[PDB]
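Let me begin by presenting the structure, written as C-alpha cells, before commenting on it.
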Amino acid sequence: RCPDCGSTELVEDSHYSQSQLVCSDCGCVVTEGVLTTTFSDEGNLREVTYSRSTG
Amino acid sequence: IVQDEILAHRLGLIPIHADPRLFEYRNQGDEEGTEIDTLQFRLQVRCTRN
Amino acid sequence: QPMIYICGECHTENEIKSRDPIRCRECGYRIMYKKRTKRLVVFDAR
Amino acid sequence: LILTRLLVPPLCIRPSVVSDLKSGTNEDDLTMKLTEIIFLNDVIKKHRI
Amino acid sequence: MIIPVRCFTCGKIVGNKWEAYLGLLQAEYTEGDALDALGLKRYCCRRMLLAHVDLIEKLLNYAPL
Amino acid sequence: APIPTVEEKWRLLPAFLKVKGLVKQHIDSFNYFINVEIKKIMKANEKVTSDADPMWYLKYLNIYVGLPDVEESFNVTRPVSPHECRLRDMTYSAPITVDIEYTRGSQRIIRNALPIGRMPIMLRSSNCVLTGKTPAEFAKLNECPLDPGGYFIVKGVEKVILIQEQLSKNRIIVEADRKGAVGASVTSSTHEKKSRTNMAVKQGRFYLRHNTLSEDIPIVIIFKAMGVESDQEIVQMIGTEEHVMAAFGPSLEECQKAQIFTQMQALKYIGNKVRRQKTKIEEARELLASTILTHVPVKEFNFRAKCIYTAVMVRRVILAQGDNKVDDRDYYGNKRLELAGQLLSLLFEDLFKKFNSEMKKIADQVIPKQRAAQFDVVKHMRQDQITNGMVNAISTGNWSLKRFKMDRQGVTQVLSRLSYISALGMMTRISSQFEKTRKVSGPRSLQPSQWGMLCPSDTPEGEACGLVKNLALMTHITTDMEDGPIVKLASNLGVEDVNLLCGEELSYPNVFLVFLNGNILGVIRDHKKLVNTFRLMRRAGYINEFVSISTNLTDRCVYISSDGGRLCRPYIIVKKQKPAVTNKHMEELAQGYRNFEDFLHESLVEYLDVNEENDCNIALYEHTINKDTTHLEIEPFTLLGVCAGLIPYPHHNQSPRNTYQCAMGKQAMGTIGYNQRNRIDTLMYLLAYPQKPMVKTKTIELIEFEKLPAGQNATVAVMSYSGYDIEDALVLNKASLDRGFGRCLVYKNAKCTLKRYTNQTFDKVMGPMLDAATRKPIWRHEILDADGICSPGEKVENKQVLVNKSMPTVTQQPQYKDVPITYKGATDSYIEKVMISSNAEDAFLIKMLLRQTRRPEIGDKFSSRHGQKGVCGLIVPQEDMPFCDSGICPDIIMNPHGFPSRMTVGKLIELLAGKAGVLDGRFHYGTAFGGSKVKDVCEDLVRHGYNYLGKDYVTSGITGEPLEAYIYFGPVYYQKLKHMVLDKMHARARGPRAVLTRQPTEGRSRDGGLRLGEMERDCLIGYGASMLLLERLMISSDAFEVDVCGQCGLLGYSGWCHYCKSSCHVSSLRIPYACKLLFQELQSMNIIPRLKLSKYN
RNA sequence: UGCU
Ligand SMILES: Nc1nc2c(ncn2[C@@H]2O[C@H](COP(=O)(O)OP(=O)(O)OP(=O)(O)O)[C@@H](O)[C@H]2O)c(=O)[nH]1
Ligand SMILES: [Zn+2]
Ligand SMILES: [Zn+2]
Ligand SMILES: [Zn+2]
Ligand SMILES: [Zn+2]
C-alpha cells in the first residue's frame, strides 16, 4: 500500500534506467534503486553447484 | 522482401500530378484527414505464377 | 484458437497447438515462422 | 601475530547471486576458502580423535 | 538492393528508367550512348544509373516464394 | 631499344587464384587434416591394450568422418545445412565412425561401423555440403555463393581459427643475453618432447645450460662424454683459426684444471650434476643421447653428429663474439605459420590418447573383478568425449594440451559479419606468439622480409598494432613433404658424409656446410653447382616445388627447408635478361590451352621462399631487368592485402592514411550476402541503396566486391562552408538525406529459450493479459499475438514484452513466475520475422528479428575510402547548398584543410578519375603502382567540356553571388561506418548500483555511469575545487551514513556497538561505501582501523 | 572485440 494515500496501485515503472516501484494514484515513490552486480564482479563470482554447496 | 520503411520512403518519393492550388495544408494532427486536404491512393498487387 | 505458421521450405500454412513437436507435413524441416499480423500499422514516409 | 581465530566478514563483502537457471549459485572465492578451512579443521579434529 | 526513385544530388525521377537502361544494355548500346539517349545530361544521374547494382533478383532468389 | 613488355602478365593472378589465394589455404589444410593426418594418427594409436589380463587388445582398422549430420531426430541422421545450424544454434559437425576389432572372451569380435565422436566440419571443405554446388543450389540451401567460408559453426556462432606465427624449431639462434652476454640457444622439438638448451660465455668459457641439469657445465666435459676425448680433435672441430683457438683456450684450461679426461669421468660428472626426475652414468648418457638436442638423431649411441652440431654451434658463437653479426628474431625467414589443420591434428591426437587411456583404465577396473560375464569396450566407448572436447576447444578458444604442455588462448574468434570485406579480411589474419607480452616494437615494426607475403599497410590500429597482420593478395603456405628424395638427391650430388672426415674440414673457407631442417646433412664444395642442380631438378619436377634452398655465405651454410608452414610466392623465371613467360604463353592461358599448373611444370613460374629470395635477385618490371637477375615480379599491386586493395591509388597517399582506411573498411557498412535476409545475427548493418565504386581496383574485381558494395558515390565538393567542417567534419545535404542517401538498417536479434527441467515441467508462454475494463490487451502486452508471441509487422516501443514467458519455481501444484523478454531501446523497432525452432532437448528457441531504419543525422561517422574519417557536423538544406552552372548541388562538403597535413593526393586523383568515368560512361582503375593516369582523365574532361582540373565555376547559394575561387567538385565513394550517435549516446540517472560496492555499473547496456578516473581526480585537485571533488566522489557516488563507536573506534549498527555492548559513544558519520568496505576488509585481514572521532569545530 |  502507499504510505501517503494508502492505495494499492503500486506499479514498477522504470524511468530512464531507474527501476522504481511507484504508486499510480499520487505518484509517491515507494521504493527506488536496485543492486545488481557488475561484469568484473560477475566474472569473479565462481560457479558452485548445489551438489557441493548444499552438502 | 523490401522493408516496410524503405517501401514507404520510395512511395513518398513518388510525385503526384494533383494540382496543389486546389488543396490546403493539414492542421496540426488530424491523422484521419479531411476531403479538402488529403488524397488516397490504394495499391494492391498479388503476384502469382502464370 | 487455430494458431497458424509457415514452413521454411514448403511455405505451407500449418496449424499446430501448444506443446507439439515442431514439424511440417510432407517434409521434415524444423523451421517454422509466424505469419505477418493482420492489425493496421501506420508508417511515415520521412 | 599468531592467529587462532579467523574473522569471516559479513555477506556484504561476499556477494552471492542465486542463479535460478541452474542448480547452483555464484559465490566468491573467500567463501570457498573459508569452507575449505572449516573442512580442514574438522578433518584435523577427526584425525586427533 | 533496388534502384532508387529519386537522385541524391538533384532529385530527377530515375527509377522509371532502370528497365529502359537494362533494355539498352541487352541491345548493342554502350553505357555512354545509352545514358546519353536516356536524356541524362548532368553526370549525377549517369553515376546513379551506372554505379547501381541490381540485387533485388538475388534476394528474391532466396525469398520464401 | 626498350625491352618488350608482356601486357597480359597480370592474367597470371586470376589463374593462380582459381586454385589458391585467400581462403583456399584453410580449406586445403582442413581437407588434408581430415583425409591423411587423421588416418596417420589413427594408425599411430591403432592398438591399445591393458597390462592386466593379457591377450586382450583393442585394434583400430580405419576411421571415417562421413558427411555432416544432425542428431536431432530420434536416433536418425539427416542432412543439415550450415544456415539451418546457424538458425537452430547447433553445431555443424559430422559423426566420426570407426571399424574396430577386439576380444571379449578370447573370441575375436569385429565391428564394421561404430561412432566415437563428432568433428566440426569446416564450410566449403571436401566433405562439406556447400562444395561442388552451383549458385542455384546455394540459393536452395540458403547460403551465399560469394561467402568465403572456411570457418566453423558451433552452437550457432561462427568461429575462425587464426593463423599462429611462431619461431622456427630446430634452429640455432645467436643473440645477446639479459646482461648482454652474446650466447646461443637451440629449441629441439620432436614429435614427443621439446627442450631448449642454451650456451653462454659469461666467464670467457662456454657453459651449456639445460632444464635437466643442476648447474651449467663446461662444453669440453660434454665433448669428452659424447665419445670424443681428444682435445686435439675437439679443437679441430671447433675451428683452426688463431682467434678461435685464443677464445677457446680458457675452456681447455678450465677443463684441464679438473681431473676429467675420460668419457666415464665426464659421464659421472654429468650424472652428479643431473637433477632428480652406475645409475648416474646411465642417466647422463640417456639425457645426452635423447634429452639434449632431440632433433639430432643418434644411430646407436653414436654421438658423432651431435658432437659436430655442438662444434658448429660453438664456432658460430665464437664468430659472433667478434663482429656484431647477431641474428634477429623478426626475420620472417625463420618463422612458421601453423594453420588450423595442425592445431586440429594435435587436438585430435591428444583427445584420442586421453580416450585410449580412459578405456584402458576402465578395462583394468572392470575385467578382473566384475563377473564371469566377459567385458568388452563397446559398453564404455564414450561417444561424447571427443565431441565435447572439440566443441569446447573451438568455442572457448582456450587450448590446453597437457601432453605437449601447450596453453594457448584466443585461438578462435567470432567471425565479424560487419560486411563482406570485413569477413574476407578477418579470414586471412595472422596472430603472433607474443600476444601483447611486451611493447618490444621489434616484431611490431614492419620488416623488409614481409615483401609479397603479408600486407604492409593492413594492421589494426590500437594496442594490437604490429602483432595482427594479414596475408598478401598472392601468397601460399607450404605443407610437409616426405624428405626422402631430397636426402637421396643430396647424397647422390656428392655430399660427403660428416662421419667420414674430421671437423677440421669445417674450418676451410671453400667447404660449405649443408643443413636439412636444422639437422646437419653434411659438407660440400663449390656450393654454386649444388644449388644450381637442385634448383634445376626442382624446376624439372623430380623434387617438390615447395622445397626451399637458401645459402648464407657469412656462415657458409646451405639450408634445405622442407617443413610446412613456410611462406612462398610465385615468381617468373628470368634467364639471360629475358623472362620465360611470353605473349604466346599469355595468349594460350587466356584462351584456355594452359593453366598455372602447366606454367609451374614448364619451368616458367616457380615458388620462392623468404630464405630463397634472400639470395635470388628479383625484378619489379621488365625495364628494371639487368644482367644479374634471376626472377621477375608478377604484379606489384599484389603487395597489398585484401583490405588494402580497396584503396584507390594507394601509392599517392600516406601510410597511416592507408592503415586507418583498412581499419575503417573492416567496419564499413554494406551488404553481407544474397542470404542476408534469411540470416539472423545478434547485430547486422545494411545499406538501403548500395552502389559499386566508380574507381574500382583489380583487387576489387577479383574479390567480387563490386557485387556486394559497402558504400555510395556522392557528388562531394571540397570547400569550407558555414564553418561546421573545422576539424575533419563534413556537411551533409538535407534534401540528399531525404531522397534516401545514407539510409541504413540495423537488425537485432532477441532470442528466448523454453527448456524442460529435470522434473516433468516446462516453461510456457502465457497469452496476452487482456484488460477487463476495455477487453483489449494492456499497453505492455499490446504487440503479443494470441499465443503470447509478438507477431511480425508491428512496432515495438520501450519497456514492452516480446515473449510472455513463465517458468516454474519448483525446479504440489506448479507455481509459474513470469520472466518476459522486455525490449530495452531508446527508439522504436519493427518486427520482421519470428522464427520458432525445437531442439533435441524439447527446448523451443524463439528468435525475433528487430529492424530499425535510421536516417543520417548529426553525429554519424562517415569515411571516404581514404582514412579521412569525419562526423556529420551540420545538415544544410539544398537551397543553402551551393550550385554550379548545370544546377548540381553537393551532397557532402569536406574540409580542404585536411589535405595539406595528410598528403592525400590519392583522394584528388580518385575524384578526378570518378568524374571522368561518370562523364564518359566508363570505370577507371585505381590499381596500386599503376591504373589510369591523370592525363587520360584530363583529356576526357576537356573532351566532355568540363575543366581539366576538376575545379568548376560555382555560384554561392546563400548570397547568390559567384565565389572568388573555383570549387573542386566530383564523385567520391563515401562509405558509412557502424559508429552511430544514436547508439553511442548515453545519460545515466541514479539508476542501479553494484552489490559489492554501491556504485554505478560499468557498461551502458547494464545502465552504467561514467568513471572519474585517477586523471580526472588529478585534474580536479589541480583546479582546487575541493567541494566539487567531494560532491563527485563521495556525495553523488557512494554516499552512506555509518555508526562509529567513540570508545573502541569500531563500526556499529543502528546506533549500537556490539563490541562494548553500549550505545552512548556511538555517533553517525558520513563515509564512502568503498571506504567502509575497505575498513571491513582490513578488519577481516586483522588490520583493525580504530577511528577516533571528534567535533567538527 | 572495437572506438577516440
Ligand atoms: N569485445 C571485446 N573482446 C575482448 C575483450 N577483451 C578480450 N577480448 C577477447 O580476448 C582477447 C584478448 O583479451 P585479453 O586482454 O587477453 O583479455 P585479458 O588479458 O583478460 O584482458 P583483461 O580482461 O583486461 O585482463 C582478444 O584477442 C579477444 O579475443 C574486450 O574487452 N572486448
Ligand atoms: Zn499513493
Ligand atoms: Zn514444409
Ligand atoms: Zn541526378
Ligand atoms: Zn565500542
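For the C-alpha cells, the naming scheme is as follows: chains receive sequential letters (A, B, ...) according to their order of presentation, residues are indexed from 1 within each chain, and ligands are indexed from 1 in presentation order.
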Compute the set of protein, DNA and RNA residues whose minimum atom distance to ligand 5 is at most 12 Å, using only C-alpha atoms (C1' of nucleotides) and all ligand atoms, and state it as a compact mmCIF listing (two decimals) with C-alpha atoms, in the first residue's frame.
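Ended up saving to result_23.txt:
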# COMPACT_ATOMS: atom_id res chain seq x y z
CA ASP F 1043 27.73 4.39 13.07
CA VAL F 1044 31.15 4.54 14.75
CA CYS F 1045 31.77 3.98 18.46
CA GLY F 1046 33.88 6.70 20.06
CA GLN F 1047 35.24 4.29 22.70
CA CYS F 1048 36.72 1.40 20.70
CA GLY F 1049 36.72 3.09 17.28
CA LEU F 1050 34.84 0.23 15.61
CA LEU F 1051 31.84 0.27 13.28
CA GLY F 1052 28.40 -0.15 14.82
CA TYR F 1053 24.89 -0.71 13.50
CA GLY F 1055 23.40 3.24 16.78
CA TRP F 1056 24.71 0.28 18.77
CA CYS F 1057 28.24 -1.04 19.39
CA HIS F 1058 28.24 -4.81 19.87
CA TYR F 1059 31.91 -4.75 20.94
CA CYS F 1060 31.38 -2.65 24.08
CA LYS F 1061 27.67 -3.53 24.42
CA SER F 1062 26.79 0.16 24.76
CA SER F 1063 25.23 2.96 22.72
CA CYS F 1064 26.33 6.17 24.47
CA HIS F 1065 29.53 6.81 22.49
CA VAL F 1066 28.08 5.73 19.12
CA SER F 1067 27.60 8.53 16.60
CA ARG F 1090 40.49 2.45 15.10
CA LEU F 1091 38.65 5.66 14.23
CA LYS F 1092 38.98 8.42 16.84
Handout entry: Neighbourhood of ligand 3 at 8 Å, counting only C-alpha atoms (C1' of nucleotides) and all ligand atoms, reported as a PyMOL selection string
Key = chain C and resi 6-12+23-29
Practice task
Using DSSP on the backbone coordinates, identify the residues of chain E assigned to alpha helix (DSSP H); present them as JSON, numbers by chain.
Solution key: {"E": [18, 19, 20, 21, 22, 23, 24, 25, 26, 31, 32, 33, 34, 35, 36, 37, 43, 44, 45, 46, 47, 48, 49, 50, 56, 57, 58, 59, 60]}
Exercise for the section: Residues within 9 Å of ligand 4, counting only C-alpha atoms (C1' of nucleotides) and all ligand atoms: report them as a PyMOL selection string. Expected result: (chain E and resi 6-14+40+42-48) or (chain F and resi 888)
Selected residues written out, C-alpha atoms, as a compact mmCIF listing (two decimals), in the first residue's frame:
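Output file result-v3.txt follows:
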# COMPACT_ATOMS: atom_id res chain seq x y z
CA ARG E 6 14.97 9.96 -56.79
CA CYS E 7 18.55 11.05 -57.40
CA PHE E 8 20.56 12.05 -54.34
CA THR E 9 22.05 15.32 -55.64
CA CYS E 10 19.32 16.80 -57.85
CA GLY E 11 16.23 14.60 -57.47
CA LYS E 12 15.26 13.71 -61.04
CA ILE E 13 12.97 10.70 -61.45
CA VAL E 14 15.37 7.89 -62.37
CA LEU E 40 20.75 12.31 -68.65
CA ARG E 42 24.29 16.05 -65.93
CA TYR E 43 26.66 13.40 -64.59
CA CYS E 44 24.77 12.85 -61.32
CA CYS E 45 22.05 10.74 -62.95
CA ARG E 46 24.64 8.99 -65.12
CA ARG E 47 26.50 7.95 -61.97
CA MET E 48 23.25 6.98 -60.24
CA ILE F 888 24.17 20.22 -59.33
Please identify the residues whose atoms come within 6 Å of ligand 1, using only C-alpha atoms (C1' of nucleotides) and all ligand atoms, and report them as a PDB file with C-alpha atoms (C1' of nucleotides), in the first residue's frame.
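Dumped to result-v2.pdb:
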ATOM      1  CA  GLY F 410      42.466 -16.598 -28.287  1.00  0.00           C
ATOM      2  CA  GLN F 413      37.489 -15.627 -32.647  1.00  0.00           C
TER       3      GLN F 413
ATOM      4  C1'   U G   1      36.330  -7.141 -29.734  1.00  0.00           C
TER       5        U G   1
END
Exercise for the section: Write out as number ranges by chain each polymer residue whose atoms come within 12 Å of residue 3 of chain G, counting only C-alpha atoms (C1' of nucleotides); drop sequence neighbours fewer than 6 positions from it. Expected result: F: 460-462, 663-664, 667, 861, 977-980, 984
Exercise for the section: Specify as a PyMOL selection string all residues of chain F found within 6 Å of chain E, counting only C-alpha atoms. Expected result: chain F and resi 139+674+689+691-692+736+739+741+889+891+918-921
Handout entry: Shell around segment 30-37 of chain B at 12 Å using only C-alpha atoms (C1' of nucleotides), local window under 2 positions removed, as a PyMOL selection string
Key = (chain B and resi 18-28+39-40) or (chain C and resi 42-44)
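The contact shell of ligand 2, defined as all polymer residues within 8 Å when only C-alpha atoms (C1' of nucleotides) and all ligand atoms are used, comprises residues 1, 2, 3, 4, 5, 6, 7, 8, 9, 10, 22, 23, 24, 25, 26, 27 and 28 of chain A.
With atom CA of residue 941 of chain F on one side and atom CA of residue 970 of chain F on the other, the separation reads 11.6 Å.
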Residues at most 12 Å from residue 37 of chain C, counting only C-alpha atoms (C1' of nucleotides), excluding those fewer than 3 positions away in the same chain, as a short mmCIF file (atom, residue, chain, number, x, y, z; two decimals) with N, CA, C and O atoms, in the first residue's frame?
data_model
loop_
_atom_site.label_atom_id
_atom_site.label_comp_id
_atom_site.auth_asym_id
_atom_site.auth_seq_id
_atom_site.Cartn_x
_atom_site.Cartn_y
_atom_site.Cartn_z
N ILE C 4 -1.61 -20.52 -36.65
CA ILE C 4 -1.07 -20.89 -37.96
C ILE C 4 0.39 -20.46 -38.04
O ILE C 4 0.80 -19.46 -37.45
N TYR C 5 1.17 -21.24 -38.79
CA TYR C 5 2.58 -20.96 -39.02
C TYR C 5 2.92 -21.31 -40.46
O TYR C 5 2.11 -21.87 -41.20
N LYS C 34 6.29 -17.33 -38.15
CA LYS C 34 4.96 -16.83 -37.85
C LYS C 34 4.51 -15.86 -38.93
O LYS C 34 5.28 -14.99 -39.35
N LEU C 40 -3.65 -3.06 -38.26
CA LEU C 40 -3.29 -1.91 -39.08
C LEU C 40 -2.07 -1.22 -38.49
O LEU C 40 -2.06 -0.84 -37.31
N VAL C 41 -1.04 -1.04 -39.31
CA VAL C 41 0.21 -0.40 -38.91
C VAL C 41 0.39 0.85 -39.76
O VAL C 41 0.22 0.80 -40.99
N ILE F 783 1.53 -5.82 -28.31
CA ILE F 783 2.13 -6.40 -29.51
C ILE F 783 2.10 -7.92 -29.52
O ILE F 783 2.49 -8.52 -30.52
N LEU F 784 1.66 -8.55 -28.44
CA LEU F 784 1.63 -10.00 -28.38
C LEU F 784 0.46 -10.55 -29.19
O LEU F 784 -0.60 -9.93 -29.31
N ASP F 785 0.67 -11.74 -29.75
CA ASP F 785 -0.36 -12.43 -30.52
C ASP F 785 -1.19 -13.30 -29.58
O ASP F 785 -1.05 -13.24 -28.35
N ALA F 786 -2.07 -14.14 -30.15
CA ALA F 786 -2.91 -14.99 -29.33
C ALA F 786 -2.11 -16.01 -28.53
O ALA F 786 -2.55 -16.42 -27.45
N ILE F 789 3.23 -14.63 -28.27
CA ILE F 789 4.44 -14.28 -29.01
C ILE F 789 4.14 -13.09 -29.89
O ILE F 789 3.11 -13.06 -30.59
N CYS F 790 5.02 -12.09 -29.86
CA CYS F 790 4.83 -10.91 -30.69
C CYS F 790 4.84 -11.28 -32.17
O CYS F 790 5.70 -12.04 -32.63
N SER F 791 3.89 -10.73 -32.91
CA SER F 791 3.76 -11.06 -34.32
C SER F 791 4.54 -10.06 -35.18
O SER F 791 4.60 -8.87 -34.85
N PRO F 792 5.14 -10.49 -36.29
CA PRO F 792 5.85 -9.55 -37.15
C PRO F 792 4.91 -8.51 -37.74
O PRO F 792 3.69 -8.69 -37.81
N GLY F 793 5.51 -7.40 -38.18
CA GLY F 793 4.79 -6.32 -38.83
C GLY F 793 4.50 -5.13 -37.95
O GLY F 793 4.26 -4.03 -38.47
N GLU F 794 4.50 -5.31 -36.63
CA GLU F 794 4.17 -4.25 -35.69
C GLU F 794 5.44 -3.55 -35.21
O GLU F 794 6.56 -3.99 -35.46
N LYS F 795 5.24 -2.44 -34.51
CA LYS F 795 6.33 -1.65 -33.95
C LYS F 795 6.42 -1.91 -32.45
O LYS F 795 5.40 -2.04 -31.76
N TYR F 830 10.78 -2.47 -35.49
CA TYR F 830 9.73 -3.21 -36.19
C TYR F 830 10.13 -4.67 -36.29
O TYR F 830 11.28 -4.98 -36.63
N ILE F 831 9.20 -5.57 -36.00
CA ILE F 831 9.46 -7.00 -36.04
C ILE F 831 9.31 -7.48 -37.48
O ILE F 831 8.24 -7.35 -38.08
N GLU F 832 10.39 -8.04 -38.03
CA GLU F 832 10.38 -8.54 -39.40
C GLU F 832 9.96 -10.00 -39.47
O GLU F 832 9.12 -10.37 -40.30
N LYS F 833 10.53 -10.84 -38.61
CA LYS F 833 10.22 -12.27 -38.62
C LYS F 833 10.36 -12.82 -37.21
O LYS F 833 11.09 -12.27 -36.37
N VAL F 834 9.65 -13.92 -36.96
CA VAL F 834 9.66 -14.61 -35.68
C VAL F 834 9.83 -16.09 -35.97
O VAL F 834 8.87 -16.76 -36.37
#
